[PDB]
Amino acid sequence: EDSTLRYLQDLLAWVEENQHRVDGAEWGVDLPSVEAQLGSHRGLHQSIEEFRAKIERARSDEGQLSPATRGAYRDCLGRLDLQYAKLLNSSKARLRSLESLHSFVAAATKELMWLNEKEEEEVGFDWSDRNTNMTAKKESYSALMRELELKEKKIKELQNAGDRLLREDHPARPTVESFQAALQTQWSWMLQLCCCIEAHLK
């Protein structure tokens, strides 16, 4: 009777609270925070997929109702199939977006650390007059240029990847943009460093 209506409304409420959960969730602002959101959403998404079994069971118990109540029951089933479809598609899209975000953020983080580490090294080296071997200094700078020429292509590859996500209207725009800005800033610092260095080689 009403224990029936209550069960269908319970399933509806579950779907509805999770729609709320998916719709309002964060994306992350750095590698560890994005990984956490992705990890968390993977479990939520599995749970949503698994929820289907409860709907197909409610669907199965269809033939258990008397003729006078099958109509209303099916109506409610239709609402449930509908809301669930919305939820599942929202959850898939969130997973997809989290995966592409994580991939981009992970690659950018790696290149930011490489750049920062390279800067430390090159700052440590004695480029000044105290180092009297101008030949050795020139050979080091050349080796640096060689490395940066390769690295620059990778950085460009990353910026483009970010642009693709934006063109895609990725819902984590702010995080993507902030990593694009971070990469460009670090690159400019590296370029600046190269200028300081060549000042000692003239």
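Start at 1 with the first residue shown and count on from there.
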{"query": "Mean C-alpha B-factor comparison - 4-12 and 191-199, higher one", "finding": "4-12"}
{"query": "Of 100-108 and 122-130, the one with larger mean CA B-factor", "finding": "122-130"}
{"query": "Residue with maximal Cα B-factor (values as given in the PDB entry) among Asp61, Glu177, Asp30, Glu49", "finding": "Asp61"}
{"query": "Out of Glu35, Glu56, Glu157, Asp163, residue topping the C-alpha B-factor column of the entry", "finding": "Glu56"}
{"query": "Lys137 - which third its CA temperature factor falls in, relative to the rest of the chain", "finding": "middle"}
{"query": "Modelled-residue ranking by C-alpha temperature factor, third containing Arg94", "finding": "lowest"}
{"query": "CA B-factor ranking of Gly39, expressed as a third of its chain", "finding": "middle"}
{"query": "CA B-factor placement of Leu115, once the chain's modelled residues are sorted into thirds", "finding": "lowest"}
{"query": "Ranked against its chain, the third holding the CA B-factor of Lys153", "finding": "middle"}
